[PDB]
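Every chain is numbered from 1 and lettered A, B, ... according to where its sequence line falls, protein lines coming before strand lines.
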There are 2 protein chains.
Amino acid sequence: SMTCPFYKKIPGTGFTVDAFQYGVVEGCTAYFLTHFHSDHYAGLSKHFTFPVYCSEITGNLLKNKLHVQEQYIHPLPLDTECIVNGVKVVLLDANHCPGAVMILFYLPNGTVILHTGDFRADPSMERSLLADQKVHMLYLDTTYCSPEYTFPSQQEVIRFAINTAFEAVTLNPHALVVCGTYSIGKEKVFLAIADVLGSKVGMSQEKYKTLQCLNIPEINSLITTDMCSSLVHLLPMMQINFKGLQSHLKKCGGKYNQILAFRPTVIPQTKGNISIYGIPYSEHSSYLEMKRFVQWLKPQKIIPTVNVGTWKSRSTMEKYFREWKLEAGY
Amino acid sequence: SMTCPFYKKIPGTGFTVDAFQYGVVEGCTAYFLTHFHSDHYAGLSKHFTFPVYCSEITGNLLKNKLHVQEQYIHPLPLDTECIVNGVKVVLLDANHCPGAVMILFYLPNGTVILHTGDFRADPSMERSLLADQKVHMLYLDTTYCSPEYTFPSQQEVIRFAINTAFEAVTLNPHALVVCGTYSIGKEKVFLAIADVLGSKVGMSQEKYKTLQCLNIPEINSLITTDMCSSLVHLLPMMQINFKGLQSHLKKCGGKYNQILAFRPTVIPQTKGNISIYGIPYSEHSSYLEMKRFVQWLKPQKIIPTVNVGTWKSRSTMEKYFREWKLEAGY
Ligand SMILES: [Zn+2]
Ligand SMILES: [Zn+2]
């Protein structure tokens with residue numbers, strides 16, 4: 001009996017969010033997709049025949065990577081009042097990956113609901129349409145909802161990578177910088193690295209086609225499939241190990257004599273002319289970022305969407321929410 | 001300067017093996033693909049316009065999963081003398097994954113070369129066409145070419161899984177058995193589990209379509225997309241953790257009240273009504289299996305195809321080969 005979970009349903013509507021892996025959801029009048037990560041689009045394919053509401057970047061990926069039929073894809077602009085089945089909704093930048101959004105639902109009866117999808121809370125969100133009215137219910141990405149989860153800011157990670165890469169290529173003009181990636185994400189990191197080095201980013205034709213879906217301005221002048229004309233390469237995450245990088249260095253035919261690689265997980269692992277830096281890159285809120293966003297939003301009700309498998313996890317999170325509400329006075 | 005490595009070239013011919021990620025390989029007259037693993041087919045797509053020689057199962061996957069054009073796919077039968085560009089070749093079962101083959105090349109000048117692709121050496125190979133003549137050069141999958149690498153036989157792993165599953169469902173008829181999988185592989189494990197339980201294997205429509213490509217006899221009577229009509233489910237490897245399995249148990253709506261899961265890596269990790277067994281499943285030769293195969297084949301020359309990134313690794317392997325040759329007297 002495949003059952004869609006509670007945290008994927010929008011109360012007072014027939015709306016679901018990221019609920020494509022349960023077959024036909026009874027009484028669902030509109031299916032939203034917050035972003036193009038396989039955990040969330042799972043189940044979508046060329047055989048799907050209900051309307052999918054999503055951002056334009058997400059729509060491009062649905063069309064070109066999953067071959068969802070164009071007639072069922074309903075892309076919506078960001079930061080704009082839109083209507084779906086008589087209900088007003090706004091898509092907000094989730095600061096997660098390209099095309100990723102939070103969804104703000106304005107119920108005709110006056111209730112206002114935010115579904116964050118996956119997000120990394122940011123002070124800029126306090127400047128968004130969220131500011132213009134009271135938000136009653138919050139469906140919250142609680143991936144790192146525990147005080148242990150501390151990591152640097154996105155800008156700190158990018159600054160570290162820029163500095164490390166610039167210095168390494170300064171000391172050795174024959175060095176190659178490698179960034180590991182999945183299908184999307186990390187664009188701001190590897191584009192900044194290539195920028196400081198005055199280089200395009202080299203990659204496979206498949207990764208190149210993927211980046212064409214992302215509406216990045218002037219993208220063709222930033223990326224190339226001609227690998228050996230660049231100083232920065234993208235490789236699959238699973239190749240970022242000494243064996244995989246030695247192999248890539250051999251594959252480049254002597255054009256480079258050293259690789260410096262970054263991967264998400266600071267002192268590098270070094271074996272000869274290969275070095276690997278694990279960087280604390282994250283597409284989700286830290287505990288403190290999350291706490292700040294929630295104390296600013298002051299929702300009446302919070303529904304966690306992640307780590308809700310046991311009672312202990314759910315109740316520990318409810319405890320933090322009560323403490324937050326007490327300290328901020330709502 | 002993208003360069004195809006030496007271990008992917010067949011000497012005395014214009015043949016390459018699993019060399020699709022280097023653009024046009026200069027002077028390559030025929031491209032072989034040993035099996036459908038992304039490390040090996042990497043680079044293949046609908047835009048490829050040279051002939052690809054492979055098994056029929058691999059050909060099905062190329063056509064239906066990668067949309068390689070049918071006119072460039074050249075499937076060949078197993079255990080059968082075939083001709084490619086005037087050269088006689090045989091495809092042999094590699095005992096690796098469905099459709100995976102080793103390739104035996106019969107050069108017009110009398111030289112005989114075996115490329116194992118990925119393989120798990122088996123005594124049955126000693127009964128193959130390999131027996132009928134002397135093999136001069138061996139391009140060897142050396143994934144676990146180190147004495148530390150010991151693990152049970154495939155039959156021992158399958159027997160353990162059958163027994164554990166049968167006993168768990170005997171003690172609790174409401175339990176669910178889960179097997180984690182990538183795109184292909186492990187069929188003999190999860191089909192045997194379902195067999196002993198008198199059940200079909202439930203799975204997503206995507207995994208169902210994949211298994212239809214594998215020429216498994218009577219397959220439609222062994223698998224289903226109607227999950228809750230079965231006792232054995234397949235999930236993505238990355239979902240095989242307590243959070244992912246708790247979530248799946250919720251998704252099944254109370255049909256089951258317990259999950260017992262197997263994954264490749266014996267005492268289970270248990271948290272309440274979820275248990276996870278790491279099983280030492282392998283699609284590659286153990287050190288001892290490899291040693292036995294090579295001492296039986298007695299090749300004049302061995303060329304390792306894996307772990308050849310450093311001199312230390314290459315020379316350590318050459319040392320084992322010399323010791324093997326000395327002990328067996330060739
Ligand atoms: Zn995500
Ligand atoms: Zn393989």
Identify the heavy atoms of [X] and [Y] that sit nearest to each other, and give their distance.
X: B:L260; Y: B:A168; value: CD1-CB, 3.6 Å
X: B:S128; Y: B:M125; value: OG-O, 2.7 Å
X: B:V294; Y: B:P299; value: O-CD, 3.6 Å
X: B:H67; Y: B:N64; value: NE2-O, 4.0 Å
X: B:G185; Y: B:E283; value: CA-OE2, 3.6 Å
X: B:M102; Y: B:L130; value: CE-CD1, 4.4 Å

Under 6.0 Å from the six-membered ring centre of B:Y22 and within 45° of its axis: does the NZ or CZ of A:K251 meet both?
->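 Cation-pi check for A:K251 and B:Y22: passes.
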Under 3.5 Å, is there a donor-acceptor pair between the [X] and [Y] side chains?
X: B:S199; Y: B:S230; value: no
X: B:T310; Y: B:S313; value: no
X: B:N307; Y: B:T142; value: no
X: B:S153; Y: B:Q155; value: no
X: B:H96; Y: B:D118; value: yes
X: A:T270; Y: A:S275; value: yes
X: B:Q133; Y: B:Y106; value: yes
X: A:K250; Y: A:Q246; value: no

Aromatic contact between [X] and [Y], with the criterion being ring centroids under 6.0 Å apart: yes or no?
X: B:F32; Y: B:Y53; answer: yes
X: A:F262; Y: A:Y281; answer: no
X: B:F50; Y: B:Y72; answer: no
X: B:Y256; Y: B:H233; answer: yes

Between [X] (side chain) and [Y] (backbone), is there a donor-acceptor pair under 3.5 Å?
X: A:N273; Y: A:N257; answer: yes
X: B:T116; Y: B:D141; answer: yes
X: B:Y139; Y: B:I113; answer: no
X: B:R314; Y: B:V308; answer: yes
X: B:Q239; Y: B:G244; answer: yes
X: B:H37; Y: B:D39; answer: no
X: B:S55; Y: B:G99; answer: yes
X: A:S247; Y: A:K243; answer: no
X: B:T111; Y: B:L107; answer: no

From CA spacing to verdict: side chain to side chain donor-acceptor pair (under 3.5 Å), A:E206, A:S204 = CA-CA 5 Å; A:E206 176 192 22; A:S204 68; 4.7 Å; no
Any chance [atom1] of [X] has more than 12 other-residue heavy atoms, nucleotides or ligands included, within less than 6.0 Å?
X: B:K188; atom1: NZ; answer: no
X: B:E167; atom1: CD; answer: no
X: B:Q205; atom1: CD; answer: yes
X: B:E218; atom1: CD; answer: no

Pairing of B:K291 and B:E327 as salt bridge, 4.0 angstrom limit =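 Looking at B:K291 and B:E327, the cut-off is met.
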Thinking salt bridges, do B:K88 and B:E81 make one under a 4.0 Å N-O criterion?
->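 Answer for the salt bridge query: yes.
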For A:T181, which of A:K186, A:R263, A:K207 qualifies under side-chain hydrogen bond (donor to acceptor under 3.5 Å, both in side chains)?
->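 Option passing the side-chain hydrogen bond (donor to acceptor under 3.5 Å, both in side chains) with A:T181: A:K207.
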Look at the aromatic rings of B:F15 and B:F105 and report parallel, tilted or perpendicular, splitting at 30° and 60°.
->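 Plane angle between 30° and 60°, so tilted.
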Aromatic plane relationship, B:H35 with B:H40 - under 30° parallel, 30 to 60° tilted, over 60° perpendicular |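 Rings of B:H40 and B:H35: tilted, as their planes differ by 30° to 60°.
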Between atom CG of B:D122 and atom CG of B:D93, what is the distance when rounded to the nearest 0.5 Å?
->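 CG of B:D93 is found 9.0 Å from CG of B:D122.
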Audit row: A:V178, A:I240, side-chain contact (heavy atoms from CB on, under 4.5 Å) steps and yes/no = CA-CA 8 Å; A:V178 168; A:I240 310 302; 3.8 Å; yes
Min side-chain heavy-atom separation [X]-[Y] under 4.5 Å:
X: A:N172; Y: A:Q258; result: yes
X: B:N95; Y: B:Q154; result: yes
X: B:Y320; Y: B:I302; result: no

